[PDB]
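Cβ: placed from backbone, ideal geometry, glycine included. Neighbour counts: every protein chain shown. Here, each number is a calculation from the coordinates, and none is a lab measurement.
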Amino acid sequence: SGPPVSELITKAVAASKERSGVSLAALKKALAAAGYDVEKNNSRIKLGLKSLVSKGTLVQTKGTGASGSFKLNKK
Amino acid sequence: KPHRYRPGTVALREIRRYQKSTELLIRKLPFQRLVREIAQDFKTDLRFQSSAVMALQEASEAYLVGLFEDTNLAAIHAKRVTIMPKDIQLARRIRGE
Amino acid sequence: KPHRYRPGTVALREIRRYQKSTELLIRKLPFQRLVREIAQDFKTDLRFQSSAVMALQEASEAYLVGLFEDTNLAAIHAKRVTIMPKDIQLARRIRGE
Amino acid sequence: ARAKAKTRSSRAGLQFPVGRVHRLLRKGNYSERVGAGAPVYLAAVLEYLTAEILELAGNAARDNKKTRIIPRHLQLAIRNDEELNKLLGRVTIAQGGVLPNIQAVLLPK
Amino acid sequence: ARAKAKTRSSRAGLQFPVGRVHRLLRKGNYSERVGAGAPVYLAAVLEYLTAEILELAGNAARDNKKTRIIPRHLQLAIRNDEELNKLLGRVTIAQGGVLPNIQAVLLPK
Amino acid sequence: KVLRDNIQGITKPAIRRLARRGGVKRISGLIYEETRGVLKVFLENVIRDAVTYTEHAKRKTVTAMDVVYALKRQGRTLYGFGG
Amino acid sequence: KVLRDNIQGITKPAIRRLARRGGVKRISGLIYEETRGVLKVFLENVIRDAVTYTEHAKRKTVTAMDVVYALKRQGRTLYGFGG
Amino acid sequence: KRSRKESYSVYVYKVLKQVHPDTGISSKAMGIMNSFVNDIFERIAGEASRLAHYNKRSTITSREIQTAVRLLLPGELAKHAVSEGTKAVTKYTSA
Amino acid sequence: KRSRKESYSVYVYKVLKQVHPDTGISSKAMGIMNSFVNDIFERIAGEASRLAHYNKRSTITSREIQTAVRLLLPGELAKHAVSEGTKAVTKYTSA
DNA sequence: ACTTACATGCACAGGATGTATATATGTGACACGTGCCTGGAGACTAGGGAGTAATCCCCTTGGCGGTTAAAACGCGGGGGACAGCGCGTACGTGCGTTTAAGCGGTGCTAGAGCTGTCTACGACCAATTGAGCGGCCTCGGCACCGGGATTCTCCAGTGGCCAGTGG
DNA sequence: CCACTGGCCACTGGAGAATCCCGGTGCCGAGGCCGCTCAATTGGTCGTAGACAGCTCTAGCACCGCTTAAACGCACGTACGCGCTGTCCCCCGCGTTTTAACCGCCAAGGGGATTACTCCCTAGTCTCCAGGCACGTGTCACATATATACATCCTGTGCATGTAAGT
């Protein structure tokens, strides 16, 4: 079971604080390194990231949808 | 609900059928119309054996179908399954024309 | 800071150089060595006219270089600038090789 | 008092007419003189080549369970032997069609 | 007793040897007989083609500022003419090189 | 008597049938016109040679033999019609 | 007298030069081996034809004109060598 | 009554009767076989005549014929044809 | 002691001078020219011989020569060659 | 909501380099004169392939009715083409080093090539026939048709799984 | 905080459909016989083409000694394949309407095909000579070298611009 993936995505974007947003490939590698079955949950992580953008808790830096770079909010 | 196959499935069935079949795929009479049209462009009142027309037909479709597997290899070479004419010009240029 | 050109700029410079050139790109001595080696496979104690090996030299280099512009056509048709082998056996198979 | 005439094909034990082949070579304008054994050799290698292509055609027909050779059998035989195939790579066949070939990338998942 | 021998190439007003090419046709074994005007016609078309390629080569060498033509000039002449290229698509020139040809997609920017 | 447009007689399903025998899955619409052009260009390339054979035979009727000579001149040898 | 690894004689920058005359600006590292294979296979074809001429000539020294025959028999005509 | 058109039908018919006594033939495929035989005959005689010119020989002999066979026909097919032709030449040598 | 070898050096030299008095040539370029002359000669000769074969013709006349020139030469090269050969036939007819 | 400080991008100047260009100089390859001989012209002939005329018939062309299967048109939808973003890697470029190609020189000879001989072989020609081709008759393999089995496709129903939300 | 509930995804079975497979059935090419004829065969001859030996000479093979040019290799960087996703629109597919292709039937005549005939040209032979070819020689177009001149490519750098922090 384990915790839901939303706070896992927030930890993925919170791991680095690069000056631009984290890319989708980098966060996929982050969940791979921390430990998560990323292969069967591509739809799950994409819906989670899109949901987290739509709440405004995450703001997407450059891309649209699942593409580009994803950074944390202002506060 | 009316039946409908997903795209390409029926198509692949005609690849199976027409690779199984051996006959000419075009209508012979518009073809010989084209032949007489082009022949008139060279000299008048040309008369034709039907077997000559059939030989022209089969040789023409053979050259074309050869261009078709050339175009298929070109399209999958560009990681595509839909053909665009640039494949055919590339095929003609590698073939030397 | 030492001088250094960016990638490609050199490469196009010798592209221009070897296109305006007509001269030989392979050292001839390993070429005669290789020709004697592979000719020993068919028949022993073979002797060679120098002009014969020269004619082999331009014939071979012309064949392969023609395959290179064909490979260029394949790579740009695949929207790339870097070649892979699949370009080469593609071009050969469309050539019928 | 003339002896009984055999044929040169019978003397070579062959099926193709050595005499007709020799006549066509003489009238084919290849040389003004013809060696005796050359049309014999030519008829023999011709009989060989026809033998394997007919054998492959018969095997294809038996696989296609028809007792009569059709041009589709000829195509399927000739394309499946690569030496004979590139021998006739620039040769087009009457009513042969093509080998059944789909690319695996064209095949669905 | 006999008329002075006059050359057939002069009779056609041509440079190529009519008697030589007639002998070549006779000994090339193309037929047992040959008409008289056929080697004349052949010498004419040969002389025309040589004149064309020599004009193009001289133009190339003049553009190269060279008095003496080189097979680089021959390659440039033979490939920059579309009809000559279709004539000799399968023909290679020793030390001719290739056309200076770059793809625009290979260029920077 | 005269003919002005028969190249459109090469119908879209006929082109698609040739594609299916060529094993093509998906075909753009722009394939059709250039395909017609390529095939017709091939046709005058062969039929010019064939007719030149025909008035070479002093005939106003074109035979299959002239077709055979023209096609194997262009290295496209066909069996089933010679003889 | 024995030769074993002369396929390595086509040196790496020589292959790069051959690509440059072919107008390639960027080549992979995976190209040299199959180019070696293609060039060698072409060579056994042509030298096989030429040596077939040579024992038909009943010589053990190959000549350039036999090479001319060997190349033209597949239609790869070369000029300037007695042809 | 019309002119005789010489054909290859009966001889290759006999050949198919040795290699397959059971099967039949279609006549247009039989014409395909005739075109095949005529075409390869034309080729093989072509380089044979050219080779006889190259060695300046007035007579077409079997040595350049087998040279022409291994010139055109590939590999094991060539050496097989060499074998049957060689034994046939020995048989006709023994008449 | 040597044996004579035949080539087209004098004739092509005359042609190049009468098209270009000021222009020279290299010897291996002349080898290219000789190979060109022999190549197109053997092409046109084999085609003419096969034309005589198809029409069952014993004698090579200029009609099949001009036919094969029209056959092989692409585009306006063919028409100019036919014109030049016709003119040469005209003067040789008058001579 | 305004003003100010900072990362970003972009055009230009300059320098480093590589490529063209001008001029001097040897050199050897191109060009030109020479002897010659063999291959091309002159003249005549045999004869024979081939131009031309006559015929016929057969094979091609034109037209007319019916049919239907194939083609054209429309809707639509999904899947494939394609644009973009990021990312890793893998050649491009530059410098030191090895070494191997290359040029010059020398010696060997084995085999390419020319020359005489002669003889096995192959072209040429009269006789003749039987093998092979044109035509005809029959039939059975096979094309076409009809009925059922099978196998492949697709989609709706259902189970599992995750996350939102309200009690 | 936890359990109820709703959205999303994968599996699966069933229905439909297209094709494979089994018989029947009439049919027309395959094949086999027959009759003719003309081309392979027999036999002999004569000339000659190539095999065979033998001499010659030349070019290729081998060896070596310097002598750089280039291959290799390493290293570092950045540009490019390429993988993913998102989006849009183009074409597969299926139904409906149309139409002309095709069959087949008949009329007609146009030209290929075949035979005869007579003749224009060309292979062949003899004689003779002249033009091309091997060879010698000389000589200037061009290769090579070196010194200027410009092109061009890359990168620092000053100015313009969008955006974050302070007010």
Task: Odd one out for residue D:66 among (1) closer than 25 Å to residue H:46 by Cα; (2) without any contact (Cβ under 8 Å) to a residue 12 or more places away in the chain; (3) of a type in the set (D, E, K, R); (4) touching a helix residue (DSSP H, G or I) at 6+ places or on another chain (Cβ under 8 Å) - done: (1)
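The rows are residues; the columns are (1) over 26 Å from residue G:66 (Cα atoms); (2) among the aliphatic types (A, V, I, L, M).
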| residue | (1), (2) |
| --- | --- |
| H:3 | yes, no |
| H:8 | yes, no |
| H:17 | yes, no |
| H:61 | no, no |
| H:69 | no, yes |
| H:72 | no, yes |
Task: helices (runs of 4 or more DSSP H) fully within chain E counting 1 or more residues that are within 16 Å of DNA strand K (Cβ to nearest atom) and closer than 30 Å to residue D:26 by Cα - done: E:18-27, E:37-63
TODO: State yes or no: is residue D:94 among the small types (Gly, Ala, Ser), closer than 29 Å to residue F:71 by Cβ and more than 8 Å from every other protein chain (Cβ to nearest Cβ)?
DONE: no
- [ ] Exactly one condition in (1) farther than 15 Å from residue F:16 by Cα; (2) surrounded by 12 or more Cβ atoms within 10 Å (Cβ to Cβ); (3) within 13 Å of DNA strand K (Cβ to nearest atom) is not met by residue B:55; state its number.
- [x] (3)
Open item on the list: Anything in region B:43-87 that is farther than 18 Å from residue B:25 by Cβ, part of a helix (DSSP H, G or I) and aliphatic (A, V, I, L, M)? List them, or say none.
Closed with: B:52, B:73, B:74, B:75, B:76
Task: Count of residues meeting criterion [more than 14 Å from chain I (Cβ to nearest Cβ) and within 13 Å of DNA strand J (Cβ to nearest atom)] in region G:65-83 - done: 1
- [ ] Please find, within region G:1-28, the residue that is nearest to the other protein chains (Cβ to nearest Cβ) out of those that are within 30 Å of residue C:9 (Cα to Cα) and more than 11 Å from DNA strand K (Cβ to nearest atom).
- [x] G:22
Task: Count - residues of region H:7-21 that are without any contact (Cβ under 8 Å) to a residue 12 or more places away in the chain and facing chain D (nearest Cβ under 7 Å) - done: 6
Open item on the list: Just to confirm my filter: which helices (runs of 4 or more DSSP H) fall fully inside region I:1-86 and include at least 2 residues that are surrounded by 15 or more Cβ atoms within 10 Å (Cβ to Cβ) and more than 16 Å from DNA strand J (Cβ to nearest atom)?
Closed with: I:27-54, I:62-72
- [ ] Determine which single condition residue E:18 fails, assuming it passes every other condition in (1) more than 7 Å from chain I (Cβ to nearest Cβ); (2) within 30 Å of residue D:33 (Cβ to Cβ); (3) without any contact (Cβ under 8 Å) to a residue 24 or more places away in the chain.
- [x] (3)
Task: Residue count, region A:44-70 (criterion: more than 9 Å from DNA strand K (Cβ to nearest atom) and either over 22 Å from residue A:3 (Cα atoms) or more than 9 Å from the chain's Cα centre (by Cα) (or both)) - done: 11
- [ ] Please work out if residue G:50 is among the small types (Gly, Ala, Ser), crowded, with 22+ Cβ neighbours inside 10 Å and within 15 Å of DNA strand J (Cβ to nearest atom).
- [x] yes
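Can you find, within region C:1-42, the residue that is farthest from residue E:71 (Cα to Cα) among those that are among the polar types (S, T, N, Q) and part of a loop (DSSP other than H, G, I, E, B)? Outline the logic, then answer.
So the first thing to find is which residues in region C:1-42 are among the polar types (S, T, N, Q), and the list is C:9, C:19, C:21-22, C:32, C:40.
From what's left, part of a loop (DSSP other than H, G, I, E, B): C:21-22.
Working: C:21: 12, C:22: 9 Å.
In this case the residue turns out to be C:21.
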- [ ] Identify all residues within region G:1-16 that are buried (at least 19 other Cβ atoms within 10 Å of the Cβ) and of a type in the set (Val, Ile, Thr); write none if there are none.
- [x] G:10, G:15
Open item on the list: Looking only at region B:1-27, how many residues end up being surrounded by 12 or more Cβ atoms within 10 Å (Cβ to Cβ) and of a type in the set (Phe, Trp, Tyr)?
Closed with: 1
Open item on the list: One residue is enough: does region C:58-77 have a residue meeting the conditions farther than 22 Å from residue E:96 by Cβ and surrounded by fewer than 20 Cβ atoms within 10 Å (Cβ to Cβ)?
Closed with: yes
Task: Selection count, region D:97-109, where residues are facing another protein chain (nearest Cβ under 7 Å) and of a type in the set (A, V, I, L, M, F, W, C) - done: 4
- [ ] Could you tell me which of the residues G:52, G:35, G:61 is of a type in the set (S, T, N, Q) and more than 30 Å from residue D:87 (Cβ to Cβ)?
- [x] G:61
Open item on the list: Please go through region A:1-23 and give me each residue that is out of contact with any helix residue (DSSP H, G or I) (no Cβ under 8 Å at 6 or more places or on another chain) and surrounded by 14 or more Cβ atoms within 10 Å (Cβ to Cβ), ordered by number.
Closed with: A:23
TODO: Working carefully through the options D:31, D:9, find the one that is of a type in the set (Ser, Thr, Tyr), buried (at least 19 other Cβ atoms within 10 Å of the Cβ), within 12 Å of DNA strand J (Cβ to nearest atom) and at the interface with chain H (Cβ under 7 Å from one of its Cβ atoms).
DONE: D:31
Open item on the list: Can you tell me how many residues within region I:23-56 are facing another protein chain (nearest Cβ under 7 Å) and more than 21 Å from the chain's Cα centre (by Cα)?
Closed with: 5
Open item on the list: It is to be established whether one or more residues within region G:45-64 are acidic (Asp, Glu) and more than 7 Å from every other protein chain (Cβ to nearest Cβ).
Closed with: yes
Open item on the list: What's the total number of residues in region F:6-47 that are hydrophobic (A, V, I, L, M, F, W, C) and either within 12 Å of DNA strand J (Cβ to nearest atom) or under 18 Å from residue B:82 (Cβ atoms) (or both)?
Closed with: 10
- [ ] Only residues that are buried (at least 18 other Cβ atoms within 10 Å of the Cβ) and among the basic types (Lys, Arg): list them for region F:17-39, please.
- [x] F:17, F:20, F:21, F:25
Task: Evaluation of residue B:80 against (1) over 23 Å from residue F:7 (Cα atoms); (2) within 11 Å of DNA strand J (Cβ to nearest atom); (3) touching a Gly at 6+ places or on another chain (Cβ under 7 Å) (one fails), failing number - done: (3)
